[PDB]
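Same chain, two versions here, written out as structure tokens and called structure 1 and structure 2.
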Structure 1
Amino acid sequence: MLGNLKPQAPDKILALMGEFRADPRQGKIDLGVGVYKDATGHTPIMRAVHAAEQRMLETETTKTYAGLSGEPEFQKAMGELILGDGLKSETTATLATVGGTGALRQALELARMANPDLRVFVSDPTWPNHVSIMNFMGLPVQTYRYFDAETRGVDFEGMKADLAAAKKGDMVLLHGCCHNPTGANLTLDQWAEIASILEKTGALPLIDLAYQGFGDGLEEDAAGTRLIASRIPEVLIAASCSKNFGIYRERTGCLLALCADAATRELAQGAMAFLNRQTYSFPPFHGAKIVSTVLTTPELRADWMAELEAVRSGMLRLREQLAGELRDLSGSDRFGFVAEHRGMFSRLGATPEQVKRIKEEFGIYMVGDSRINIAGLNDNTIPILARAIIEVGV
């Protein structure tokens, strides 16, 4: 029977990897990585996280089945981290998931469960995995303009014009912050206008909050999400702990369902629990327990925020340096967007030809859409990348 199976395409993160490894050049650089790496090219385990694991190893006495939709400590801590004081426990349903991707997949299953004729609007461009999951589910996908290739900023007028076509019951996927892959983000004022269009259309917003803490700060990064949450009755939020907690492989995510009333909340919470049951019964415990422990233990929460802040500031300085280098070389402020972008990613706006030419002549690797990871940069690699960009005529 298994012979009838249609061949499925590989990730692609590995094809780029195999090519990079095969390159015999001593000065080759990899800006295609999708995770944070420090100065030494390593992805460390955050201090507070290692502290939580030592703590868990000494206090945990059992590993019996726990909470179906997650542990209360985790659900509450995550809700407070994302929504702050605006958290309305009475109308908020929460579900621990297998990473942010699991939260996204579940959000989609939940929405389709409530609205079979669901259509989803995604940004142009967006995290490729969004479309993949949606295509796999058979969901109708619609695109809304977002990245302005020329200014490398947000084409807001276009975004607004396209979103205006959304009908009641449709879902609009928004990146809460640090837009992957572009790095171009909405201002709080633009968020406010988006809220108006959403109220008008009656479209359900799904916020992908995977980088809270890498933009302008923990609270700052959740600002857009909190505005949407307070002005829109029903809101779906799929959060990730992979990057901001540095526990990628542990698979710790969270799905928040903001409902108009408690009756609906019980309905949503029950359906979410049912969704976990029919997929894998219970969600992973380890990562979630690390998170709730860090968040509930003052000493740890403190050290964690301090390490995240150091990380954010470090990347922000890398941006400033690159932008300055490019300013000095270009004799213009065209590349200023690099210092305006937020997150660990940025789309340079180079064409595939320019991308290939950069690799061949300078040994610098990056995603085919010209997306680079700022964390993979440093004092020694910045001058090289800058010169490369100018030389290939970007």
Structure 2
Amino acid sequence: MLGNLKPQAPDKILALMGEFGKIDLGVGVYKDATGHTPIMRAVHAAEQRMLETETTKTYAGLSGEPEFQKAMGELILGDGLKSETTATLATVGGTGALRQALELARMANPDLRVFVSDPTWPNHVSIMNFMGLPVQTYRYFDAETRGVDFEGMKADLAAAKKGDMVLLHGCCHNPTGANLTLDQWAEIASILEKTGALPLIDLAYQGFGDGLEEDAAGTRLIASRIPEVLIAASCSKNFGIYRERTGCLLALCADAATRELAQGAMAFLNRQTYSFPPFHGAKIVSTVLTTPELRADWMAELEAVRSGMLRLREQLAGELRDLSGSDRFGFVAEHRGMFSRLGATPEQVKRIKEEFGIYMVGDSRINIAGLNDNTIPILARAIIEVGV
């Protein structure tokens, strides 16, 4: 029987790491000056305390622990957290949240379509394909200005209708790094309510753009305007606990009734997929979040990280500027997040890795965190020499 298994397609980003003075600028993970992905001080302190307070490992909650559910809700929505109309579901990372979100939506509407940004995280499309959900794209990245073709985005979105779902990146757009402003978000919200399309927000990098609260701004705008919203958050990057697999699905509803429905459906989704969600990572998160001392050190460390990266974008931009006398590469400093699409053609991308030895995703996606003071000029030299 198993011999009938057709060969499946692998993941592009992960494939790179396998195919790796080498310079890694692929996989979206934060790395420090010494090319290491550290464990955050507070996270280490949390685990340490956990190892001393936990007396049992029995089965816990099917939708995650109340402490995790409450902390995550507050972290994301701040004061916009209306417990009476919000359903929470602890998941296996942000990807697990996205999948669960799609499963929930399809249950509610068997004939749902999904609008995704051109471009967007590859893994978004693969999952939808696997599920057999019709995917449509809305213009987003402006290839010339490397910014956002907001004009086109609004036009395409206006074509959405009731029952359809729109996937938005709350901040730090993967893979472009091009992001919407609060003014743009308000306009998107008016489009959404006019069309009746359910928004699904992918919140994977809250804290890597402009700050914890500022990065949640757009999400909070949509949440205060649209009566029904879905938010799939990840604690992988902002808490540095990638391998723990922890995230959560937030279902914002209009009334308590619908809320109890969704909460029930969500708990059922977990039960039918793997019974209980993993406890360890979720415990670290709630511990950090509910312990003043721990939250403070986490906020500080995350701040240091996001600040360092911003310095790197400006440094690289400058290097390139001086290497061409032209600030064409200025968009680099304007982008926000961990990535930036350079705009180099596929042929150039491959040429750079084969001769220069710097590995970046096929669509010219570079992980800014991968650079450093001594590798920056080298990268700049490479892009300059290759530029057709």
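For clarity, a rigid core is taken as the largest C-alpha set superposing within 1.5 Å between two forms. Here, residue number means position along structure 1's sequence, counting from 1.
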property	result
Per-residue C-alpha change between structures 1 and 2, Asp11, threshold 2 Å, rigid core fit	yes
Per-residue CA shift, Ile232 (Å; core superposed between structures 1 and 2)	0.2
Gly336 CA shift between structures 1 and 2 in angstrom, with the core used for superposition	1.0
Distance moved by the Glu360 C-alpha between structures 1 and 2 (core-aligned, Å)	3.4
